[PDB]
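See below for the structure under consideration.
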Amino acid sequence: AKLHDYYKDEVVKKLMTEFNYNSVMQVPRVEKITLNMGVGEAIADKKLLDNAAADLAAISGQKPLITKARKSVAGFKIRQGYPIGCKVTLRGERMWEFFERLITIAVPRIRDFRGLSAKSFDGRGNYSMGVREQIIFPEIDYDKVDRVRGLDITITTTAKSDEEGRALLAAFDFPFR
Amino acid sequence: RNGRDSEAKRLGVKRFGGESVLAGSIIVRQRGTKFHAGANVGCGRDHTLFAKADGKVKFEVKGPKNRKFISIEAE
Amino acid sequence: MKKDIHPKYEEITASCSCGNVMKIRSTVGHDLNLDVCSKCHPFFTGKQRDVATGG
Amino acid sequence: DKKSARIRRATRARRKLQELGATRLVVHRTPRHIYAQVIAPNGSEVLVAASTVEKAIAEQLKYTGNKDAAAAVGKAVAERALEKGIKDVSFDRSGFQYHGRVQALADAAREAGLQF
Amino acid sequence: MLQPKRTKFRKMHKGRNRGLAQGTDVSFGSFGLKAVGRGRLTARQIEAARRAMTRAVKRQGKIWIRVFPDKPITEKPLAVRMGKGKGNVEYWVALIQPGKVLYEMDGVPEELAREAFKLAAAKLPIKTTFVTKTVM
Amino acid sequence: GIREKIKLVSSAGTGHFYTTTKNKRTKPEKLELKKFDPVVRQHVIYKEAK
RNA sequence: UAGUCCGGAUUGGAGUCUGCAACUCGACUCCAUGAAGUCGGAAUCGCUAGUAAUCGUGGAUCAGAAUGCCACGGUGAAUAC
RNA sequence: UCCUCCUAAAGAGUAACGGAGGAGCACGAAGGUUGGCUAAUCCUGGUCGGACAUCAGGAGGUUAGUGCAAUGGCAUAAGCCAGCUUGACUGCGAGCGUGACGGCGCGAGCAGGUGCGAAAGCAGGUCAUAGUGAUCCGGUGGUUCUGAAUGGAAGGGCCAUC
RNA sequence: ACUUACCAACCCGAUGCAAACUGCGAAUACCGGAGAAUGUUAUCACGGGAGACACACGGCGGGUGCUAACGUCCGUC
RNA sequence: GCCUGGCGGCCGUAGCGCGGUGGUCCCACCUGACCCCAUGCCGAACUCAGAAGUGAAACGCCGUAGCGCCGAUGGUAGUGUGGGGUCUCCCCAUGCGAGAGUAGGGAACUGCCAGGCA
RNA sequence: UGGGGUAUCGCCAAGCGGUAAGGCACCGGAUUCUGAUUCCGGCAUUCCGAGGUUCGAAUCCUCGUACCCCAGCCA
């Protein structure tokens with residue numbers, strides 16, 4: 001709720017100032033933050049996907065939803081309805097708390113941190129990034145890791161254009177190399 | 001390599017428009033719901049449409065998809 | 001949220017070497033020691049020493 | 001679309017009740033009102049209607065759009081419907097879950113004598 | 001020789017060749033070789049006639065073959081009885097009716113189009129005529 | 001084909017049985033179905049996946 | 001008792017000396033890196049006593065360049081029916 | 001032998017050693033009901049991650065799906081997911097369709113008992129059309145219906161069934 | 001990373017073909033209802049007796065054949 | 001009379017797209033969620049308690065024909081009956097008569113009930 | 001022309017739809033004055049070509065190619 005209050009005064013005010021909106025509700029707001037961990041090496045092992053699920057359970061504060069295969073493809077030796085990833089849809093209060101931990105303490109603990117790419121918008125403002133280690137979150141115990149498992153974050157927001165998402169995210173200072 | 005066909009199933013419209021029916025009479029023995037059930041018409045398990053009340057057969061075209069209903073006018 | 005299927009997500013206090021005492025909710029279940037925060041991380045000095053190579 | 005999803009949830013029971021030919025009590029829940037109207041078996045003409053936008057109902061309520069308001073509306077539709085000779089209807093929940101204040105409205109219509 | 005790359009069924013019924021044609025105006029080019037007789041045209045006759053045209057008006061010009069075979073004709077071998085299945089697909093014909101512009105040509109004078117269309121109409125089995133591109 | 005024939009016998013004292021077919025290989029468990037018993041005239045539990 | 005405080009190859013940086021001149025193409029030093037290798041398949045070699053084994057030192061050639069060659073000593077076996 | 005399309009001439013039917021394909025099952029959930037949901041494919045962004053495994057957004061519109069061929073159907077979904085379940089009931093059945101017949105099919109409703117649903121209601125298997133075999137002879141369970149003097153029994157019948 | 005007489009998806013414009021293609025769609029035929037005239041009930045049901053179940057050509061619609069056959073297989077007259 | 005909401009008739013002359021406008025009420029987004037209830041994670045949806053804020057999105061209304069859609073008249077194709085030929089195809093008398101295309105029409109029309117404004 | 005069979009390392013020959021096994025050869029080392037024999041190590045065919053079913057093809061289906069076997073008759 002720290003960055004939610006910071007949103008409600010200074011990001012709403014700041015973006016009403018920058019872009020010449022009329023409505024106070026036309027301003028972009030971040031809808032949700034989805035944390036995917038598409039493990040894929042669970043074609044042979046179930047405890048590996050269980051450990052992946054424990055890691056997203058630690059990084060967010062929620063149980064993950066173990067996702068199944070939509071189509072069967074033979075390129076990767078999977079089958080229809082076989083469990084192959086896990087995700088957490090963070091929204092509401094926990095979106096802002098995770099977003100605070102993310103841009104505050106998790107992003108600086110990235111190895112060789114140069115900055116987050118500004119051209120990682122999908123055309124509709126929705127950011128998506130990938131971390132390569134789960135170690136960069138302070139909850140994951142470094143002595144209890146077995147496999148290095150990155151994950152991909154996706155900030156989904158209500159902006160129409162992607163420069164409008166540059167503005168929204170950049171008003172949280174959200175590093176942007 | 002050929003030379004086979006099934007026995008002809010005798011589908012189609014058994015009672016036409018304006019034709020007086022008893023209750024229970026089969027109107028259209030058919031295969032999907034080419035014709036849908038309307039007022040006082042039932043649809044059997046093999047999509048056979050049968051007269052559920054007495055009257056006269058009424059073929060109509062209803063609804064947003066231009067479906068072909070079959071009503072029965074009470075008569 | 002549902003009942004107890006989720007991990008215990010209790011408010012803790014993180015503190016780094018920058019003097020940034022910051023209380024947050026995290027499901028570690030333990031108070032935290034850090035080094036780098038968003039305040040006083042070598043991001044801009046890092047970009048400067050990155051560009052500053054040639055000659 | 002939320003409204004269109006609701007209408008396609010409604011449609012099966014709507015067409016089934018038009019097929020049986022029963023007078024239906026159509027409910028309609030909005031975030032600050034509930035609407036209830038008794039509709040003839042031809043589907044075109046209404047008979048009885050009460051809702052929280054009527055000041056006869058709205059003045060005696062704290063807030064239109066909660067379970068007390070909906071119970072008031074169900075009582076009103078049952079009273080007016082019994083005054084106009086209608087006894088036995090079929091409840092068209094109109095795409096909402098029979099849970100919250102549509103359950104309060106329909107229970108209130110069953111207490112006050114309307115047969116379904 | 002022209003033949004569809006990939007059919008849907010290998011053997012077609014005979015059927016009949018009645019009525020008039022659909023391709024009737026000189027559409028693409030400027031001069032046209034239009035059918036008058038009914039008949040049908042194998043792929044060898046279309047190829048023969050096209051070589052007569054392409055030779056005749058040399059590698060200048062531009063020629064459109066407006067008909068395409070797409071109809072398989074089956075024959076039974078020699079000393080085979082009747083019955084015992086349908087024959088085998090030997091060639092492919094196009095069915096022609098009176099009015100089909102069989103070929104078009106553009107980028108030549110009219111007198112060479114007369115000449116190539118004479119040269120190539122003597123490789124076809126149907127009575128044929130010369131047409132021009134009429135404007136509406 | 002592979003799918004065998006079994007008798008669902010009645011749990012009441014009657015000898016009345018329904019009859020049906022079971023895949024014996026994939027479902028080796030017995031089959032209990034509360035069916036209708038017309039001698040008792042009542043819905044009784046039926047057993048005996050043969 | 002660990003590929004480890006074994007092993008030092010390889011490589012980056014910084015140097016000293018000789019020599020007109022160390023890029024091809026020296027030697028040595030300092031910091032960093034830290035491979036392969038855990039006793040070697042078929043096969044094969046040397047040694048009978050101050051010997052083998054092992055440890056250092058010197059010299060010739062040479063401005064500078066030896067793990068080679070030629071010498072010198074220290075410790076010092078086993079076994080031969 | 002059976003199913004689907006065409007031939008087949010816009011009702012039905014219609015032949016050939018005519019053109020093309022399939023069946024001789026599966027399922028105790030893949031059936032019943034209630035509540036909900038909506039595909040293929042492509043584009044963009046994104047850790048390993050790749051033309052194609054997961055995530056997010058957009059275009060798109062059912063080009064998808066339907067346990068298995070093809071045709072006709074399907075959004076109110078007949079498609080997809082979950083809760084509870086056994087109506088994959090028993091006796092009948094107005095009326096029809098379809099066959100030379102044997103036979104086959106559709107069926108509102110009535111009675112008894114049941115499931116789901118708050119209720120209206122829906123449920124006598126599955127989206128439909130294939131998944132099959134008359135009679136005799138005989139096997140197993142039930143029912144005194146018969147039971148060659150009489151009481152039983154044997155055998156026979158009837159119902160279920162192999 | 002730099003050039004290119006070669007091919008080409010999708011999309012758009014224009015042109016054809018289809019028994020097993022259809023966002024269209026006749027004539028006819030068929031089913032049902034009413035009405036007039038005409039017809040030796042021509043109609044239906046039930047009962048006695050059959051015969052026949054090798055068809056042929058000709059028109060029209062087709063399959064097969066080579067739009068061959070006084071060919072073959074259907075539909076209808 | 002104008003506007004809005006519900007349930008229908010009708011099923012593209014009714015749908016799309018582009019542009020403008022609406023919020024007093026209504027509607028929608030919204031605010032919050034410990035409770036009723038819910039998520040194979042998540043109050044996103046469902047649900048509940050509300051009403052601060054905005055009509056941005058949505059939805060409605062008003063324009064606009066770029067498209068979809070409707071669509072004559074005439075001619076053409078086909079075809080029933082009778083006749084004819086040069087007869088694998090056509091012609092004549094006669095009855096029916098398209099599909100496509102053209103001119104054009106065209107951004108709906110309407111019933112019941114309820115509420116707000118005049 | 002029909003029916004059947006085969007095509008897999010340089011050669012002969014095994015392969016079960018989720019991996020390519022054997023022998024001879026070849027390559028390197030060793031033994032030997034040198035070669036043969038011998039001994040120690042290796043490698044190795046993405047499976048005749050094209051299309052399709054499948055998540056996946058050497059494997060299953062269809063077509064083409066090349067080579068074998070059987071039949072191609074009564075008059």
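Cβ placement follows ideal geometry from the backbone for every residue including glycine, while neighbour counts extend to all protein chains displayed. Only the coordinates and a few stated rules stand behind these numbers; no lab work does.
If I ask for residues that are acidic (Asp, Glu) and either under 23 Å from B:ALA53 (Cα atoms) or surrounded by 15 or more Cβ atoms within 10 Å (Cβ to Cβ) (or both), which ones from segment D:1-25 would you list?
Selection gives D:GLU19 alone.
I need the full set of residues from segment A:94-112 which are part of a loop (DSSP other than H, G, I, E, B) and at the interface with chain C (Cβ under 7 Å from one of its Cβ atoms), in order please.
Hits for segment A:94-112 are A:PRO108, A:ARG109.
May I ask you to list pairs of residues, at least six apart or on different chains, whose Cβ atoms are under 7 Å apart, with the first in segment B:54-75 being over 19 Å from B:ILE26 (Cα atoms) and the second being basic (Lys, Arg) and loosely packed, with under 14 Cβ neighbours inside 10 Å?
none
Starting from segment E:20-49, keep only residues that are within 14 Å of another protein chain (Cβ to nearest Cβ), then list their pairs with residues that are near RNA strand I (Cβ under 8 Å from one of its atoms) and aromatic (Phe, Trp, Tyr) whose Cβ atoms are within a distance under 9 Å, requiring at least 6 positions of separation or different chains.
none
Looking for something outside any helix (DSSP H, G or I), in contact with a strand residue (DSSP E or B) (Cβ under 8 Å, 6 or more places away or on another chain), in contact (Cβ under 8 Å) with a residue 12 or more places away in the chain and under 17 Å from D:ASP88 (Cβ atoms) - is there at least one such residue anywhere in segment D:2-19?
no
Give, as residue ranges, the strands (runs of 3 or more DSSP E) completely inside segment E:28-75 that count at least 2 residues that are among the aliphatic types (A, V, I, L, M).
E:31-35, E:62-65
How many residues, within segment A:25-65, are away from chain C (no Cβ under 13 Å) and part of a strand (DSSP E or B)?
8
Which residues, taken from segment B:9-68, are within 16 Å of RNA strand I (Cβ to nearest atom), among the β-branched types (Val, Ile, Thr) and surrounded by 13 or more Cβ atoms within 10 Å (Cβ to Cβ)?
B:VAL13, B:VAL21, B:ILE26, B:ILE27, B:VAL28, B:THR33, B:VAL57
Taking segment D:58-83 only, how many residues are near RNA strand J (Cβ under 10 Å from one of its atoms), surrounded by fewer than 19 Cβ atoms within 10 Å (Cβ to Cβ) and not charged (D, E, K, R)?
5
Going through segment A:100-136 one residue at a time, which ones are under 18 Å from A:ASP162 (Cα atoms) and surrounded by 19 or more Cβ atoms within 10 Å (Cβ to Cβ)?
A:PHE121, A:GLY125, A:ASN126, A:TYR127
If D:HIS28 meets every condition in (1) outside any loop (DSSP other than H, G, I, E, B); (2) loosely packed, with under 14 Cβ neighbours inside 10 Å; (3) not hydrophobic (A, V, I, L, M, F, W, C) apart from one, which number is that one?
Of (1) outside any loop (DSSP other than H, G, I, E, B); (2) loosely packed, with under 14 Cβ neighbours inside 10 Å; (3) not hydrophobic (A, V, I, L, M, F, W, C), only one is false for D:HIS28: (2).
Exactly one of these conditions fails for A:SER60: (1) within 11 Å of RNA strand K (Cβ to nearest atom); (2) in contact with a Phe, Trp or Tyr (Cβ under 7 Å, 6 or more places away or on another chain). Give me its number.
Looking at each condition in turn, A:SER60 falls short on (1).
Under 9 Å between Cβ atoms, at least 6 apart or on separate chains: pull out the pairs that start in segment E:92-117 with a residue that is within 16 Å of E:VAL131 (Cβ to Cβ) and end on any residue that is of a type in the set (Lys, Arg) and part of a helix (DSSP H, G or I).
E:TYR103/E:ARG50; E:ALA116/E:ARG55
Might you let me know whether segment F:25-42 holds any residue that is surrounded by 15 or more Cβ atoms within 10 Å (Cβ to Cβ), touching a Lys or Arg at 6+ places or on another chain (Cβ under 9 Å) and not in a loop (DSSP other than H, G, I, E, B)?
no
Being more than 11 Å from RNA strand K (Cβ to nearest atom) and of a type in the set (D, E, K, R) is the filter here; which residues of segment A:68-85 pass it?
If the condition is that a residue be more than 11 Å from RNA strand K (Cβ to nearest atom) and of a type in the set (D, E, K, R), then A:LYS68, A:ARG70 are the ones that fit.
Which of the residues belonging to segment A:119-148 are more than 13 Å from chain C (Cβ to nearest Cβ), among the aliphatic types (A, V, I, L, M) and either in a loop (DSSP other than H, G, I, E, B) or over 20 Å from A:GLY38 (Cβ atoms) (or both)?
Result: A:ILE135, A:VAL145, A:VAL148.
Return a yes/no flag: does segment A:73-89 have any residue that is in a strand (DSSP E or B) and within 11 Å of chain C (Cβ to nearest Cβ).
yes
Hey, among the residues in segment C:1-19 that are in a loop (DSSP other than H, G, I, E, B) and in contact with a helix residue (DSSP H, G or I) (Cβ under 9 Å, 6 or more places away or on another chain), which one's surrounded by the fewest Cβ atoms within 10 Å (Cβ to Cβ)?
For segment C:1-19, the residue satisfying everything is C:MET1.
Each row is one residue, and each column tells you yes or no for (1) more than 16 Å from RNA strand I (Cβ to nearest atom); (2) farther than 30 Å from A:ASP146 by Cβ; (3) free of Cβ contacts under 8 Å to residues at least 40 places away in the same chain; (4) surrounded by 15 or more Cβ atoms within 10 Å (Cβ to Cβ).
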| site | (1), (2), (3), (4) |
| --- | --- |
| A:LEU3 | yes, yes, no, yes |
| A:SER23 | yes, yes, yes, no |
| A:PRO28 | yes, yes, no, yes |
| A:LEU35 | yes, no, no, yes |
| A:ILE43 | yes, no, no, yes |
| A:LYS47 | yes, no, yes, no |
| A:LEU56 | yes, no, no, yes |
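Determine whether E:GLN45 is under 22 Å from E:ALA120 (Cα atoms) and loosely packed, with under 13 Cβ neighbours inside 10 Å.
No.
Does any residue of segment C:25-41 turn out to be within 8 Å of chain A (Cβ to nearest Cβ), hydroxyl-bearing (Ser, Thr, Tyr), surrounded by 10 or more Cβ atoms within 10 Å (Cβ to Cβ) and over 20 Å from A:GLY92 (Cα atoms)?
Yes, segment C:25-41 has at least one match.
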